[PDB]
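**Student:** Pasting a structure here, questions to come.
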Amino acid sequence: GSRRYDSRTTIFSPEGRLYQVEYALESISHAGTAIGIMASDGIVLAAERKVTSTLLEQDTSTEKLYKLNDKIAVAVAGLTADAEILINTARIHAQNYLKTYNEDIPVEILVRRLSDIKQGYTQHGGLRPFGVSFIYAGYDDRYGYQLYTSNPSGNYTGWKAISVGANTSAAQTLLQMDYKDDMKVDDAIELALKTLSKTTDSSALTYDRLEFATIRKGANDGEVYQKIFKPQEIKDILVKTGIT
Amino acid sequence: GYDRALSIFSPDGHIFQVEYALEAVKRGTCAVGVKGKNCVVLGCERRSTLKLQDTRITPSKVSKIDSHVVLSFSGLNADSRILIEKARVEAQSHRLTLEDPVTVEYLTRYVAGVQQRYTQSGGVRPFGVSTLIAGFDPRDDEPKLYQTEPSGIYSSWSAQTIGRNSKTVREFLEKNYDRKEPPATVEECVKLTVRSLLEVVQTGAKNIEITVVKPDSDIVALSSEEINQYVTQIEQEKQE
Amino acid sequence: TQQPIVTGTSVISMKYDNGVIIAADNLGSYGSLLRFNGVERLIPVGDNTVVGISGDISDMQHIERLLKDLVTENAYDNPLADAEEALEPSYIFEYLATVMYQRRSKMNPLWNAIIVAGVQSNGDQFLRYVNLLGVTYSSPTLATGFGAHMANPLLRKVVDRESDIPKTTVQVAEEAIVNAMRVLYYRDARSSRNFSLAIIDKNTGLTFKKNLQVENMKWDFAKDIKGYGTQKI
Amino acid sequence: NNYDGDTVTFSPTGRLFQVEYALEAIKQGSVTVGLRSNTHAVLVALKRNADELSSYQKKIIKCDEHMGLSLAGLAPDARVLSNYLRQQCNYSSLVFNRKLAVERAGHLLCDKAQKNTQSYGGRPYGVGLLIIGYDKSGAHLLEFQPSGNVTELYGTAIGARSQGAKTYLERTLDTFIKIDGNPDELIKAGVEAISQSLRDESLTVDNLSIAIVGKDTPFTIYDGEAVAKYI
Amino acid sequence: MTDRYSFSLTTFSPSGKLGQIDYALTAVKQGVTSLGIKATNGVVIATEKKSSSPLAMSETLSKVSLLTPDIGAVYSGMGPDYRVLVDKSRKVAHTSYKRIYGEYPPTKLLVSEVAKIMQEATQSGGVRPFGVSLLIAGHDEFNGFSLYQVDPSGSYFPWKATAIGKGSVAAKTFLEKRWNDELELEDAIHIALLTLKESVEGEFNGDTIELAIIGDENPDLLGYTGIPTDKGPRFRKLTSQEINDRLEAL
Amino acid sequence: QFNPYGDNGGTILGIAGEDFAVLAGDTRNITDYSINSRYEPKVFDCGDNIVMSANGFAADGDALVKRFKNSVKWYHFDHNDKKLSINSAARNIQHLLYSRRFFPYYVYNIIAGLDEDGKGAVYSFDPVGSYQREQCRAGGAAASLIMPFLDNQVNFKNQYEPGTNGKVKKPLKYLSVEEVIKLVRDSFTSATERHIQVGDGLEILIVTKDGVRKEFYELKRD
Amino acid sequence: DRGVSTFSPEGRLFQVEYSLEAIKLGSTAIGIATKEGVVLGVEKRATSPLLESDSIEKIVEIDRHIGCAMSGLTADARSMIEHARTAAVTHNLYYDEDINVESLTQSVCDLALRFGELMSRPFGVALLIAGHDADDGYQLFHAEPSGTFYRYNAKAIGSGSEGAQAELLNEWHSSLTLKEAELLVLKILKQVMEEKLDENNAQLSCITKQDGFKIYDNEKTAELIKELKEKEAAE
Amino acid sequence: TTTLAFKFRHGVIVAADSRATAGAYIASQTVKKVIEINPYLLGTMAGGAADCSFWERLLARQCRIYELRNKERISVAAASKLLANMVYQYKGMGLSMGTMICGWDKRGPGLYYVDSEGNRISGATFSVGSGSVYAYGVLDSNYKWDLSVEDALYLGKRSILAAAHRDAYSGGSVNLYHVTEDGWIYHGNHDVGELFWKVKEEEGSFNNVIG
Ligand SMILES: *[C@@](C)(CO)[C@](*)(O)[C@H](Cc1ccccc1)NC(=O)[C@H](Cc1ccc(OC)cc1)NC(=O)[C@@H](C)NC(=O)CN1CCOCC1
Ligand SMILES: [Mg+2]
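First to last, the sequence lines map onto chains A, B, C, D, E, F, G and H.
Residue numbering for the first sequence follows this note's numbering, starting at 1 and increasing by one per position.
Residue numbering for the second sequence follows this note's numbering, starting at 245 and increasing by one per position.
Residue numbering for the third sequence follows this note's numbering, starting at 485 and increasing by one per position.
Residue numbering for the fourth sequence follows this note's numbering, starting at 718 and increasing by one per position.
Residue numbering for the fifth sequence follows this note's numbering, starting at 949 and increasing by one per position.
Residue numbering for the sixth sequence follows this note's numbering, starting at 1199 and increasing by one per position.
Residue numbering for the seventh sequence follows this note's numbering, starting at 1421 and increasing by one per position.
Residue numbering for the eighth sequence follows this note's numbering, starting at 1656 and increasing by one per position.
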């Protein structure tokens, strides 16, 4: 019968690893590098688009940075199509929470929910896991600014600074070196771009090969603003930090 | 629905998927449980390969199931969340239907039953998780410490460890822990739990987590400095 | 739950020494309208059973089809279908009785009153009643609807108890049935002159009589009846 | 070889190996004998024990007042099939006030076993049954194979070393068929038949199991000191 | 019976590759060339009508399809897969949008819905990925004109101009030299015909080429008058004659 | 509107002796003012020395008896031909009845037989399963006519010993089967006189350790 | 791969035969039936000295008149015990009586072969079901994952089973007392166990008509062990 | 019916009449309205005879499984709650039950009122049934915590009698129970006919009645 053709996506190896999760992580390691850095007065999200073309319409393009709600955003590394499935689920979850409790969803709760969905695909159903790793950048009134990551295993952890995708080993070393606790957003912006500039597989880091975003309390009085950077705004910040 | 039998017997009478789930536990960070005369302490390893971590928001290794019971684990982190959620739901369901909080033995039996169910259900793989469940029964001053594992077997322990290099710390506990006279105070119990982790951990900085549970829903997690004082005193006595 | 539309009136029957007799008129009424005049309400099953049905005709036709299908199904993989493993009156009745009670228990009844008349393998007379409620009973005489009120009293004068059955011949029993049908034609407003009669004998087998008529009727005395009390002319 | 992984697969020569392997489980099972006359039908079964401390596994199961069977192979599968027969015999009584014909009981078993040989996921039944009964056409004996094949016979035997008893019945055919109105003599012929399949061991009091049904005899099972008469 | 293939047929290999998606992309590579170019006041999509037999009436086979009045689609790869995707795309435009908001979806959101359908065929049980790459051109009020590519994985990218299929590598190079941000629609059609001639072997005329545009509103194609706000479809398929007229000025 | 229930009349009576039990019932079946049958059995031998009668709506009564007889059959299959005790049968019948709590069997049920000590036993049920063991019980149409008579002549209620004047009761001396059958016949003869649904015939089933015996007596047919 | 309900060429279900191998690896459990009662005893086999041995529950009550010992993958037994307890109590609800030991055992064994592609595999545990009823008296059954159950006068399951069964072959007779049976279980357990038998690593239990099913205290068992040592040293 | 139960220093008394009614007709006069859940638990029956009997026996089976699973006797609070949740499923469906779950557990003597309407109430004194209103008068006026077992049994018996006399749908006989920490003890069946006259003479009460 059908058993003959079943790959068995949800099994342990003799060493106690989940084959498909490990292979999904191998896929993600070839994806464009995404970096998240958390500061005292905000969060930075930086990400590299993969070998683009001159004929790609950049200003209407979105492959890395997505908005979940007004307070929370995500950077993607892996299969974009898979990520959009999860992103729409997360957007719905955030709205369900808001309808139920009349309060914006705490960041961790949203992260846990998505991570639980990913976990399910590794334990039951016989389906391949989502080949996606997220960096969650968000704010709530309990813990303030928060950075999380989740991977196809459904495991999630909190970070001060973190990278996913390609060259994370090199990128994490550079972040661990120059990061300090009393750091500010403007400094974190510079660190993120410098790290990408050194870890990139491309010849040079340009505006057309980047997606960038910040979450700042730099909004008029006690409130939070999400800024998805436009192509011209990425070009300006590259000149300001002295990369181009 | 996906019905495929993943956990099955082999010619030599082994269920490999359940045994490979134990290998996932062996890979997991070390967890230790020690019960004193009037308390139980849960110690947990934090691997220092991950720095730049935000320790405020990172999921803690010890989880409260109810106000009087806690659960720590070794193995796959994502798998543990599913067991903990189920355990927490059952704990409230028990209070709701029977008007008493769960006993530690009952909660352990439930969690172990879930783990077992995933070893002979179609389309699912076993949990790659072993748990240490500790606490005090309602209106009782006797300490309780149980262990579970992927196969679904569970048992009570005077002291026990699970995870990577658990063989070494179990060796330490077997010679150091005396049943006739267990750690009389909280200090003695915590000290013995830290000592046991220092056989394996590496550095005694942010790699050791300690959680003390006392009777009548008195649960507290020690801080870095409080633990560091234990690490200091242990090694100063060792230099002799 | 429904209401009966096209209906059939009384079915009457009785036991005699060697078998059973059953009869029913050929009318299908539509309320007070005597709509259909050629309706057969006695339905033979094999050569040993006749099922007489009163009540809703659409449900009767449904039952008729179930019985026809029952014969077909019994013949399947059955070399003794026309012998030892042929359908018995008791088998046919219990099947219907099962169906009737199940249907009432779903609040969707077959709006009928049924009498299964026949002769068993061992020569024993079979005569049992079942209706829309699933209520069953047996008696030396059985009748449905108006027949219960008018025919039974007349038929019970012939066979009052079990011991009167061997003393009753087929000629006497048929005479009583035919007389009862005449009485029902006098007094039942939803009856017709035309009727069918069936005899199931253990020796002579199944005799099915169609196109019978009520005859020897008394009407002459009507000419003398004038007015409603005081009128003389 | 490559075509024996499941029941849904024919071999290149048109064989169903899983069904043949299920047939093999019957041959490993303990011997049981069936035979009949015109008035009665008899089952004789050699029960098997695990060891000297253990009991002797029951081989005969009652299905109705007028019908029952003996088993050889996987006992749990016999429990499932006998339970099905019990329900079918019972459906016939409750609905039609009719005792189920033995021939029709065989047709139902055939059809139930067949569904397990043509579908994926399931498995064939691993048991052989000998059904006896008395209905409106007299005494009957049936042999059930889990391939689905059901056969009406005067006498037969299934299980280990069953060929010896089957040969005996083939010689005795003309004699035991005529044993009418004599239950004890018909059982004697059955006990003598099953004796042709014995090696080393002999028929003891807790070893032998007998059942009978007939004209004025409900299906009854005899065990223990009740069969000492026939030893 | 029952569909017992409840498990994924597309899975990660040790190298991290999703084999069936790669193989689907290989099928797209073998497919006939199709392209899309975005102008300032319109979009053009084009492809070759590769007729399987001269006895076959190639007019009955439509490679370029209307999805909504302001959105069109063309493909490269497996034709039957494309046909069913068009049926689903047309339906989802109504069920998930028009029946809710009372208007047709914007290009990017319809593309998003099509992409979702193709992603699900890449993860759901007992199915293979679609063996097509789509080029979807469209217009809506707030986003203006747009052109999107959709791959077997479900990934989609917005393009100024692009090509897919047989001679896509050469065609994309050709488009890079000719494309600018000041192109009028007629200029884009001209460039589309030049680009497409390079990949075609045999006959090159209005009967062997299929070409459609997203441009100005066509009130003559609306089918009714009386409602000022309804001005007609922006999608228009060019006729055989209209193509041949532009091949003389080529 | 369709009424799924009916009333087939009839009356039943169960009396328990020291080492026997009787279950009696008239043989008349009726609807409204008509007679369906003058002899339609209402009390049945269900096996294992248990007799049963479900009085009220005949279609429901026949179904319940049919189910209980079936329950006895499967009790033998499932428990090695073990004998179903009267107390076990009663509990089983409760569950048959309550399984239709929201569409009841419209019957009053009585069973009779012997308990495990060999003494006479009668169990009485309501339509939804409440049962209890009794020494004396009449059920059905004329139950209210008969029960007061049995309270007086079986349990000696309101009867005292002469001379004492209400100070000392009449002692509870057991009854024989012959004395019981007299009370049964007089009960039904009296009921037949004053109740229109009672008459035609009387069939009594007597249960002893030896088995189940029957006795039939004619009644007035008016 | 291959079906879960597949027959081998010899006519055996692969999975059932493989589950029997798992039971051979399990700790020893012994049952002895007498006319004064049935005795059940088990090897606890703690994996470490820190493991509180009294929490090892390999002997279990099903009803007041039925007990149960297990051997093999003991986690698999929990749902079987649960079903057994439910069956026993449910029968008491429907029939106002105790349930027959055979009927209870049959109910447990009906679960056994409910596996396929229902649960995904057979049970990896064997059960010794001991009890008493009025019809057949004191009984001992051995319930396997094949769905088969044999009644026994005495039976041993687990790692030291064939060695223990041979010993039970010689020692059992129809006139055994309860006290004699208790010592006999302790004797054979001590013989097949790896570690030295004491009150902490072995557990006794019995079922009598009067007192019902009882698990023995460690103080009570300790005395029976001391009584055993002295009687073996007596000759 | 009339049923009552009350807690006191020495446990809990449970009393009930024995009349069963079918309109004006007295169907039975020997009915057990007290249910034996387990040796330390009792249940009363008022309203639907079949309903009370069936659900409480179902409760009893539920309680026994509890003991097997948990190696421990169920509490009165948990037992009453299982019943309450069981009947709550069938709320509005026509069930008619008025019950009291009486027992002794780790918290001492326990008494819960549970009905088909959904109420579940812990209390020291309860009386349910058509005659409850008559019984409450005697209870409330004579009830103390420091009551002897002898006096307590009489109070519960006398309270039923008061109701049996006045209420037409209450009577027959009185069944008494006493629940201790060592289990429940049955204190006999008392015919109201004989009991009434006895109490009248000894107590002097019921002066208006002639005897
Ligand atoms: C008093 C007597 C009535 O208010 C009390 O509530 C008793 C309680 C009771 C408890 C257990 C067993 C018997 C009685 N209730 C009744 O007697 C009820 C009152 C009642 C009548 C009608 C109802 O339908 C709406 C509901 C309640 N009577 C019954 O339940 C009656 C229908 N059944 C029985 O009497 C059962 N007996 C009758 C004789 O055969 C044996 C069973
Ligand atoms: Mg009368």
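Each residue gets a CB set at the ideal place from its N, CA and C atoms; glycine is no exception.
What are the partner residues of G:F1561, as DSSP defines its beta bridges?
**Tutor:** According to DSSP, which records beta bridges pairwise, G:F1561 is partnered with G:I1549 and G:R1571.
**Student:** What number of angstroms, rounded off, separates the C-alpha of B:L442 from the C-alpha of B:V464?
**Tutor:** Cα-Cα distance, rounded: 21 Å.
**Student:** Name, going along the chain, the residues of the segment 1286 to 1320 of chain F whose beta-carbon falls closer than 8 Å to a beta-carbon of chain G.
**Tutor:** Here the close residues are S1286, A1288, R1289, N1290 and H1293.
**Student:** Beta-carbon of A:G126 versus every beta-carbon of chain D: anything under 8 Å?
**Tutor:** Cβ-Cβ to chain D under 8 Å: no for A:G126.
**Student:** Would you mind sorting B:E470 into buried or exposed? The rule is 16 or more other CB atoms within 10 Å of its CB.
**Tutor:** Exposed is the call here.
**Student:** Please indicate yes or no: does the CB of F:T1390 lie closer than 7 Å to some heavy atom of ligand 2?
**Tutor:** Checking every heavy atom of ligand 2 against the Cβ of F:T1390, one is found closer than 7 Å.
**Student:** Could you tell me whether the Cβ of G:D1555 comes closer than 8 Å to any Cβ of chain F?
**Tutor:** It does: the Cβ of G:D1555 has a partner Cβ on chain F nearer than 8 Å.
**Student:** Can you tell me whether D:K829 sits near ligand 2, meaning its C-beta is under 7 Å from at least one heavy atom of the ligand?
**Tutor:** Answer for D:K829: no, Cβ out of range of ligand 2.
**Student:** Going by C-alpha distance, which of F:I1402, F:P1202 and F:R1226 is nearest C:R587?
**Tutor:** Minimum Cα distance to C:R587 is reached at F:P1202.
**Student:** For B:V444, which residues in the same chain have their Cβ closer than 6 Å to its Cβ, ignoring the five residues on either side in sequence?
**Tutor:** Counting only Cβ-Cβ distances below 6 Å, and skipping sequence neighbours, we find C274, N409, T412 and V413.
**Student:** Going by C-alpha distance, which of C:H546, C:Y560 and C:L580 is nearest C:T620?
**Tutor:** The shortest Cα separation from C:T620 among C:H546, C:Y560 and C:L580 belongs to C:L580.
**Student:** Looking only at its chain, what residues have a beta carbon closer than 8 Å to the beta carbon of A:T157, apart from the 5 residues adjacent to it on each side?
**Tutor:** Result list for A:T157: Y148 and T149, in chain order.
**Student:** Does G:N1512 have its Cβ less than 8 Å from a Cβ in chain H?
**Tutor:** Interface residue, yes.
**Student:** So H:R1716 contacts chain G; which residues on that side make the cut at Cβ distance below 8 Å?
**Tutor:** Within chain G, the residues near H:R1716 are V1509, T1510, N1512 and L1513.
**Student:** Using 7 Å as the cut-off, classify the Cβ of residue 1879 of chain H as near or not near the heavy atoms of ligand 1, replying yes or no.
**Tutor:** Nothing about residue 1879 of chain H can be reported from this structure: the residues present for chain H run from 1656 to 1866 only.
**Student:** Quick one: does the C-beta of residue 1421 of chain F sit closer than 7 Å to a heavy atom of ligand 1?
**Tutor:** Because chain F here runs from 1199 to 1420, residue 1421 of chain F falls outside it and cannot be looked at.
**Student:** Give me the DSSP bridge partner(s) of H:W1839.
**Tutor:** Paired residues: H:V1834.
**Student:** Below 7 Å between beta carbons is the criterion; list the residues of the segment 1715 to 1744 of chain H that meet it against any residue of chain G, in chain order.
**Tutor:** The segment 1715 to 1744 of chain H vs chain G, Cβ under 7 Å: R1716, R1719, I1720 and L1723.
**Student:** Could you tell me whether any Cβ in chain I is nearer than 8 Å to the Cβ of C:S574?
**Tutor:** The structure shown contains no chain I; the protein chains it does contain are A, B, C, D, E, F, G and H.
**Student:** Could you say which of C:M591, C:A570, C:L526 and C:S513 lies nearest to F:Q1199 if we only look at CA atoms?
**Tutor:** With distances taken between Cα atoms, F:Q1199 lies closest to C:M591.
**Student:** Alpha carbon to alpha carbon, how far is B:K482 from B:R439?
**Tutor:** Approximately 11 Å between the Cα atoms of the pair.
**Student:** Measure the alpha-carbon distance for F:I1309 versus B:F253 and round it to whole angstroms.
**Tutor:** The straight-line gap from Cα to Cα measures roughly 53 Å.
**Student:** Is there a C-beta anywhere in chain G that falls below 8 Å from the one on A:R3?
**Tutor:** True, the Cβ-Cβ gap to chain G drops below 8 Å.
**Student:** Relative to the alpha-carbon of H:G1747, which residue among H:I1756, H:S1771 and H:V1829 has its alpha-carbon at the smallest distance?
**Tutor:** Closest by alpha carbon: H:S1771.
**Student:** List the residues of chain E whose Cβ lies closer than 7 Å to the Cβ of B:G245, in chain order.
**Tutor:** What B:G245 touches in chain E: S954.
**Student:** Which residues, taken in chain order from the segment 806 to 819 of chain D, show a beta carbon closer than 8 Å to some beta carbon of chain F?
**Tutor:** From the segment 806 to 819 of chain D, only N807 and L811 have a Cβ closer than 8 Å to chain F.
**Student:** Confirm the yes/no value for this check: CB of F:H1393, any heavy atom of ligand 2, distance under 7 Å.
**Tutor:** Checking every heavy atom of ligand 2 against the Cβ of F:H1393, one is found closer than 7 Å.
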